[PDB]
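These notes concern the structure reproduced below.
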Ligand code: NA
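Residue numbers (the entry's author numbering): 2 to 340, 346 to 397, 410 to 1191.
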């Protein structure tokens, strides 16, 4: 290459290929070229080649300049067919331009090298010699020497465009890491895995696992394939047929220095394209091993991180190794969540563990002789774990621990030692045998299995960290325990895989980057290359997704608990009888109405239902019957609501009456199926509106009719043809046919849940599926047993979610104005990622609706692409200010939405509107007048500290190290006083948070799923109650606290927090049907009762939701009742102790204001006997 050839191409692949060729090329992209730069380059050229799309007119100025300069010019098209005008305008022979066109059309490093010689010899009559153009295959192998490794074959799939450019260094580095891990790398390039060639799929049959760096293969419109959509259209059957693990190795389109600098690991583009959508394929999400770097010429190269290459290679080899290890030789760690061992939402963790261990033994695993496995006794198993696994014991030498600890990045070891001291720390360190230290790890070992309680996060060991350190790193004991599960320590367990039981553990919530884990990230240091298999509740998409992305988890999702109607009992049932009698007297003997009214009022007062009904006094006689219409609706709703009627056991599909009740609950909703609303609710098809206006009596009659039809269909073996014969109602018959055709066969997949855990332990491909609630008209989340995906994060809110958010906004405003006669100045709303995934964005739409901003959709992709403010005349009301508390996971998974909501606030803050029309602008102008900072004045979105998660108040309540509202607010603010949005990015903004929280008139939280309630999860009182308490601390007055009920999108309702608490209390908490159901589930059933006491306490401590009569009933039903006390004592005495302690704490703090002395004495006696038992 002596003569200089100038290559001007709008395809940077051409320019990189020319650089890779080693020939004497100059290169530039005409779209990034000034006139001076062109003439400067032309002065150095002996031959010029121009390749552009659009023909001569697309760069006429540049082409005319080259031709006028006299240098021989070769003009070719970027289109496949050559451009005859470019051929003729070239100042070489036509055949020279035509052959050059072919060299560049085929492309690749070889063709660019021969092109240089072809042009020199042809135009300048040099004598280099040249090869004709060579075709480049649509797919092929990156040829490398065989290192002779004997491990599994790991395919590496990368883009053909990178192969042609010669930018394969990032692939070579991953191949070398695979060889270092003992595997055999099979690097393959291709244009797409969606349209994969047959011979390419054949070649992949020789792989034991695949690391892919290409986009998802199932389709091109993921927004149409999520829950309720056309998931069949997302097709990866050609890749699933290989039945091997497929791991996404992340190749960031951002530079490595930015990745190292921030906790915001991936750009919003990379979150969507390399994580969220690839999850639709069932791919395992790993870490970034290469990063996009740009040089001076604007040419892109991907540069690999060798350490991250080792993590990707190690993960791939470990997953492939699973297929090679027979069950008899396979070592498995079974890890239980803690903080109360076995936390798993909706799941009977002990019974599921027994059933899993029994199935593993049957498959040939060596499960030893664990208590309760042979005897089929979940209580025996979990009691054995508590006795020998709570935090013979495993001992890790301080020397070996330090040797591993020292291999971590200083960024991580500095923080760990700053909080926990130099290794091996002071937590569970024994100096008896070795004076230098041994870290003691409690675990239950049997055969090739270890059962371990997940190590504690560490906030119990340091309550000061609750007030100041949401970013508390894992302790040395935490790290030692997980590192002992792996290989490395001389006495290491050497697990082939980890199985974590149920939603959810704390490893995937440790401090670190949002996703794209680094070597300094807590989850990465703890888990390493260990495969993680994770049974997970199907209607908790956000929490499952966090495990997928921060701990490369393979989920095996599981069914919701059995559900049934709450029904009536006790004085609620007696009130039902009196209401019916009142209706008869009204129609037949209106003069007797005062007598039956007195009976009803006596009952309401005696049973404390005036608290449920918000009645401060007796209505006037001529307003009493109108009040009973409100009682009618209240009684109907607490009787009709679905509540759990047991707990799910892994692999156990409901049968008999439990199948009937669950199918009835599923069929009650209007079905979103195949993206359409074709099948109505069963009771809708039978006459009910289900919009919140149906009369109490007709709801019961229609429910009885619906139950009769489904019970008859069940009696036929769910025969689809029996539908038309069971009812002359065409709509009802279509619903029954839908139940037999879709609901029942998909429900049947629940029996494969344990089989899919075994398949995952064997390194087989686990099929993916949608996530969400099958009680919200989303039947395609069934079958379970799948590694679920969630949503297109750029397509929220959907149009259906927009409708719901508007209804939520309208319903909240109507309730507030009805009570106060004026609009609320500001609404505070807590927004979770799991909620956006369950609903496709109801919360987000509500914020936009309150601000008066409409989303703008691209109808093709269904993605949100813009915003459009509604004018005040159309809004008909002022723009309501909104303060948003996002969770840490919402920040992680929906970065486009965080920016979207911030854009909307700034949009409406800037509109020149009157204060009476725009509360956002009014508040922003007041703040702007205070400190003059425009960005601060429009700050509305707050969340967890960057790199961290949680709201802190669960830790505070469990530590009990608090006294007043100032303490509650300080912890809440320490964990959530951080601003998000453009140029905010999680910076501390305590003063801005206080300014906005002082304005909150309504603190709102939405309940979007029926499988659990606000007394079933700590997150509601933490976020919702935490907001209430923080506003009260700042202002001295609690804001209004509302619950938005979007469990039924076609019947959105708003109620106060007090109303929702009493509804949950009567319909579930002290409902004898629910208590009896939990007493069928031993330890975990008792656990759920104790958790309910804690979460009611948490909501009372923060928002005052409890009345003394509710504490009295809670104490009697849960603790003092002989039947429940006996059950608690046998199955879970630890939970009984915690319940009595918590109720005594409520009395000590005055939250329970006037407890009877005899009742407190009974509680103290329970404490004493339980310690003695
Ligand atoms: Na010519």
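No residue lacks a Cβ here, since even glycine has one placed at the ideal position from N, Cα and C.
For the alpha helix (DSSP H) holding residue i, just list the boundary residues, first then last.
| i | result |
| --- | --- |
| residue 541 | 540 to 545 |
| residue 422 | 416 to 423 |
| residue 775 | 771 to 779 |
| residue 1170 | First-last for residue 1170: undefined, no H or E at that position. |
| residue 371 | Here residue 371 belongs to no alpha helix (DSSP H), and DSSP marks it neither H nor E. |
Let me check one thing: in DSSP terms, what residues is residue i bridge-paired to?
| i | result |
| --- | --- |
| residue 518 | 336 |
| residue 875 | 882 |
| residue 470 | 336 |
| residue 10 | 52 |
| residue 154 | 185 |
| residue 846 | 901 and 1021 |
| residue 81 | For residue 81, which the question treats as bridged, DSSP gives no partner whatsoever. |
| residue 211 | 156 and 247 |
| residue 412 | 459 |
| residue 191 | 140 and 160 |
| residue 581 | 662 |
| residue 691 | 694 |
Sort the options by Cα distance to residue i and report the nearest one.
| i | options | result |
| --- | --- | --- |
| residue 320 | 208, 117 and 824 | 208 |
| residue 728 | 712, 35, 701 and 101 | 701 |
| residue 507 | 421, 515, 523 and 442 | 421 |
| residue 1067 | 927, 710 and 895 | 710 |
| residue 738 | 724, 716, 763 and 438 | 763 |
| residue 576 | 792, 861 and 1176 | 792 |
| residue 110 | 14, 140 and 76 | 14 |
| residue 715 | 562, 777 and 650 | 650 |
| residue 914 | 743, 93 and 265 | 265 |
| residue 232 | 691, 1031, 195 and 976 | 691 |
| residue 761 | 731, 772 and 744 | 731 |
| residue 819 | 397, 880 and 751 | 880 |
| residue 835 | 779, 1072 and 876 | 1072 |
When you compare the CB positions of residue i and residue j, do they come within less than 9 Å of one another, or not?
| i | j | result |
| --- | --- | --- |
| residue 546 | residue 475 | no |
| residue 289 | residue 217 | no |
| residue 924 | residue 916 | no |
| residue 1033 | residue 1154 | no |
| residue 798 | residue 206 | no |
| residue 862 | residue 849 | yes |
| residue 1060 | residue 840 | no |
| residue 788 | residue 1019 | no |
| residue 9 | residue 79 | no |
| residue 659 | residue 703 | no |
| residue 391 | residue 437 | no |
What are the start and end residues of the beta strand (DSSP E) that includes residue i?
| i | result |
| --- | --- |
| residue 247 | 247 to 253 |
| residue 1024 | 1020 to 1025 |
| residue 552 | 550 to 555 |
| residue 574 | 572 to 576 |
| residue 1060 | 1058 to 1063 |
| residue 302 | 301 to 305 |
| residue 293 | 285 to 295 |
| residue 996 | 996 to 998 |
| residue 960 | 959 to 961 |
| residue 1072 | 1071 to 1074 |
Contact between the stretch 8 to 20 and the stretch 159 to 172 is defined here as three or more beta-carbon pairs at a separation below 8 Å; is this criterion met? yes
Could you say if the stretch 801 to 821 and the stretch 569 to 583 meet the contact criterion of at least three C-beta pairs nearer than 8 Å? yes
Inspect the CB distances between the stretch 38 to 57 and the stretch 128 to 141 and report whether three or more fall short of 8 Å. no
Between the stretch 1001 to 1016 and the stretch 1025 to 1039, can you find at least three pairs of beta-carbon atoms closer than 8 Å? no
Please confirm if the stretch 1152 to 1170 is in contact with the stretch 1103 to 1111, defined as three or more CB-CB distances below 8 Å between the two stretches. yes
Does the pairing of the stretch 490 to 499 with the stretch 457 to 468 give three or more beta-carbon distances under 8 Å? yes
With three or more C-beta pairs closer than 8 Å as the rule, is the stretch 663 to 675 touching the stretch 769 to 778? yes
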